[PDB]
Structures are given as C-alpha cells and as structure tokens.
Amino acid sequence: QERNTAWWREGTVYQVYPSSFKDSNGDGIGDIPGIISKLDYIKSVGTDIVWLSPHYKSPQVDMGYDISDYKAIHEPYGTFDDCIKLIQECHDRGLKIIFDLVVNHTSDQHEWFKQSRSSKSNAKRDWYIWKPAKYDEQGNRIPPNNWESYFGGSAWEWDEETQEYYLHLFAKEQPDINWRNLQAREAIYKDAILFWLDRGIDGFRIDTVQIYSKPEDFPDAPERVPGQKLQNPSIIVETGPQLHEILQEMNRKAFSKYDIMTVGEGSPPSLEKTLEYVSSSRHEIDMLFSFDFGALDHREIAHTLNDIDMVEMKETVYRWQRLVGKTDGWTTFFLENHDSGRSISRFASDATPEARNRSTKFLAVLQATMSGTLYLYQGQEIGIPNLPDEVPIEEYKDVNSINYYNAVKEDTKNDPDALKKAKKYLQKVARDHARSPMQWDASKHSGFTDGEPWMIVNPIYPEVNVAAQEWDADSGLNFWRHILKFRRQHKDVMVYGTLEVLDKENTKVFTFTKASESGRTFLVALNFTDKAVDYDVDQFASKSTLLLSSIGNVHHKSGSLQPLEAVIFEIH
C-alpha cells in the first residue's frame, strides 16, 4: 500500500455546514447551488479540501446526522444531480471534497429501521440493538442499564408494539446500528461508503468513529456524575471489542481501493491506543479529531463552565502534536466546528471591534503553527463570535440546546437562577454559535438569504462580514490567507515539524518550538492574557529573528508580549 498522502497531510480543510453557508433561492435554508456559487471564495481563503457536513435525506432531528437514506439528497439542499455537480465544481477549481460518514446510527425514518421495529420476526430486527425490559423491587419497568443518551434522558426508547427497548446514544430518532450483525455491515458498506466513493468524492470525515462496537453485556456506566441515576456511557463504548475489526474491514473493502483521506471524530486518551487507529502500519484511518482541547473550558456531562488552566492546555496540545515525527501516525488541529462555540469568544476576546480583529489573528497563529492536517470552520476566517447575551434562548434551535434547557426547566421547576445559569452555559459553548448563517456582507441577514433565515444571523454582521474584510489588508481574512501561505512555504516546520514545550510552568505565555528533520526550528510564543507580560526570547533561544507577530512586527516590543500577541521566531 504505497499512497499519495502529502495532499491530505499538507492540505487546508474548510468545513461547510450546508443549511447555514449560502441560500440561493430565498427559502432561508442554505443549499448546494449556493455552495457552488461560493467555491471561488472558499478557494481564495487557501482551502485545498472541502468537508461537507451531512446533506443526505434526513428529517433533520439532528440537522442531518439522522440519515434516512444514504443514497439520496435532502430536497432543500438540491437534487441528486446538484450533488454530482458540486463534486465536479470542486474538482474544476482544484478543490478536493470529503462527505460525512454517519453510520453509528440512522434516522428512525430509515427503511432499515421501519422494518426492524416492525416485528421481532422481521429479517432486519437484529440490524439494531433491541433488549428486553427489566423490573425493579416495586415491579415497575426500567431499562436494561443506567446509560444516559449524549443528548439527555435514557439511552433506551420503549417500543410498545414489540415490547422491547432499542438503543439510541443520540436522540430517540437516531437508533444505533447493531455492528455485530454482518448483514447490517454489508448494507452500510454498499449504501453509505462505496456508493459515494464510486461517484468520485475524495474521502470521509467519520462521525463518532470509536463507538460502533458496544460491549455484549451492556454493563452500567461508571458514576461520572456523583449521585446521578443515569450515567453517560462514552468511557465504556469507546474502542469496543469489534471496533478495530470494523475499521479494518472498512479499510480493506473500501478506503484502500480509492485515493482518499479519512479523519475520525473522537480519539482515545493514550498515545498507543490512538496509534491503533492512525498508525499507517494499522491500515485503518489516517487521522483523528481529539475532543481534549475543546474541553479545556467546560465539562459537558455536568454542564459546568471553568477557566482555562494554561498548564493543562500546554499538556493537551503536546499530547497529540507528539504523533508527528516520533511515530508513523498523523494528527489534526482545529478550534471550531458545527458542534462548538466560536474560538475568538472562548480562547481570546470578542469584547470590541479592535479585540475581535486582534483575536482572529492571535488564534490564526496558534492553529497555523500546529503540525498535522489543519481544519477551518466556515466563518472562523472572518472572526464570527458567539451569539451575544441579548439573543434569547428561543433562537437556540439545536436539539441539544433545547433538550438541556428543558431538562433544567423540568428538574428545577423553572428555578429562575437555574435557567439563567443554563443560558450562560449555552451562551459560551452551545452548538448554535456555529450554525448562525455565514456573514457575506452588510445587507439584510448579511446577504446569506433573500428571504428569512432558518436560524438568526449573529447581530454583529454589519461589522463582521466577508465584503468588509476582502479589501482591508488589516482584516482577519487577509491575515488567514497570509498565514496559510506562510504555513505552506515553511511546511517542513509548520506541517511536519516536531513540537516541544518550553517554559512549562509559565501561566501567562505558551512557548513551543517546531523543528524539522533538516534541523530548521521556529519558536512560537502566545500571550493569552489581557495584560502585557515580560517575555525574554533570549532565555529560550541563543539566536532568534522575528518572522511575524499577530499585532504587526512594528508593534512588537523586545522584552515583552502585548495582550493576545502571538509571535513566530526562527531560532538556532
């Protein structure tokens, strides 16, 4: 297996969320012709690869991650031929395109499930996870175990007709596939994987890549939340008894037969268990998204917010940057996605127009200097921030946001202090901050739509929009275009280099080196705080030359780092 791998190792990925990128026909929903009309723009950012979020036929309970037919397109996004055309349009512009592979579960509207739920005697009954009910000391019906769904409530839904519980780690409308069933495996390989590989896509982002294989005895999850009755089972369903077997099968039957890239969502906590997924010697997948960085400011199982521990952040970056150079594996780096809040609001400052611009550049230096495959999310390049405090809870259309808030409403009997704390939690880390439509210009709804958008546009759009940043040399967009050019030109150090952490105990400045096998070495220093901090590069490098600062080289002062100032020096 000798492959073309440089294109995905060095490539810049731009993730498009179809419902929110560009509406071509005034119904308020983004669509594929709209995407096609903005591919020139996507290319102009420095993108090599487009990651298209789910666009298949789907009732949109979980905005496309509940799929009812892998071989058909969500009608608002366009026709089947619109999708074939999008692939060609990307290829025409020198852009690769990867689709989202969501096969841990399907919609409850998928024909497979309609048949499986039909009857215990149906041929596809075993294609999903059906378990009998249990009874307590008082004789009341209870589910097989304490598993909590990732979206709240029990992970088992009761089907009255067949008197059995079915598993759903996500919503009740997303029943989980039984990956022990070999007939289910074959139908998924045919419909979800090879159908699209045969129509010329360049690979897949694999949704929840670690949780396909459940442990046969479905035991109770550990007490992760002290005193709570239900417990999230992520820690026991990840890397299950058949997981590696399954990825090996996907590789042998499909991924190895085409010139593609595969990135899986979710990584183990250890280097060696991670290498079981991404070591090129394992012939499974190419790279993984780790949730570790995204978890530095909140704990989702307890819905709590916390201040970022700078030392923990250093250890978290090094943890997965380690893969490049010292192993035959690969890694990824990203600050934003369709499941996260905006990076400038969470890791920098969105307080003022000046701060929004400064913050966009600061985080661009942090991402651009990380080894592995770099991923951008639509709007990260212009610095879209979180929806402000004035946006009411009713605008948070995400099912996860609605479920959590409603859980607080029910369990606290509308305690207004509890709801305010719930709102504040969501204002920081809800998925809705990524789904507010892309901001093209200062017209009505930022030019995303001629009609009324499905989701409210962030009200900062008159200032923050593509049109306002295009011809301003000082904009976040032009900073991103420049730093991606810098990254490509110095790929030995930025893409493929080995990362080492210096000045570890410093709680205000993160300093790391990027070194290529040739010996060429860069030193990167980021002041994450709101105050100027004394910083002497001569204490970490004998000789250094400033290459760039996120605040402008002429504003860099020797002996210190300004608030949210990131600098790159060539050393040795």
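For every residue, the number given is its place in the sequence shown, counted from 1.
Chemist: Tell me which of 348 to 356 and 114 to 122 has the higher mean C-alpha B-factor in the deposited entry.
Modeler: Looking at the recorded C-alpha B-factors, 114 to 122 comes out higher on average.
Chemist: Of 486 to 494 and 249 to 257, which one has the bigger average CA B-factor?
Modeler: Comparing 249 to 257 with 486 to 494, the higher average CA B-factor belongs to 249 to 257.
Chemist: For the C-alpha B-factor as written in the entry, point me to the maximum among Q469, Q183, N458, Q427.
Modeler: In the PDB entry, the greatest C-alpha B-factor among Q469, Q183, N458, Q427 is found at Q183.
Chemist: Between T521, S544, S53, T507, let me know which has the highest C-alpha B-factor in the entry?
Modeler: Spelled out: the listed residue with the top C-alpha B-factor is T507.
Chemist: Going by the entry, which third of its chain does the Cα temperature factor of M370 land in?
Modeler: CA B-factor rank for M370: lowest third.
Chemist: Comparing against every modelled residue in the chain, figure out the third that the C-alpha B-factor of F293 lands in (lowest, middle or highest).
Modeler: Tercile = lowest for this residue's CA B-factor.
Chemist: Would you mind ranking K43 by its C-alpha B-factor against the rest of the chain and naming the third, lowest, middle or highest?
Modeler: As the PDB entry reports it, the C-alpha B-factor of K43 lands in the middle third of its chain.
Chemist: Would the CA B-factor of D536 place it in the lowest, middle or highest third of its chain?
Modeler: Middle third by C-alpha B-factor.
Chemist: What third of the chain, by the recorded C-alpha B-factor, contains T332?
Modeler: It falls in the bottom third of the chain.
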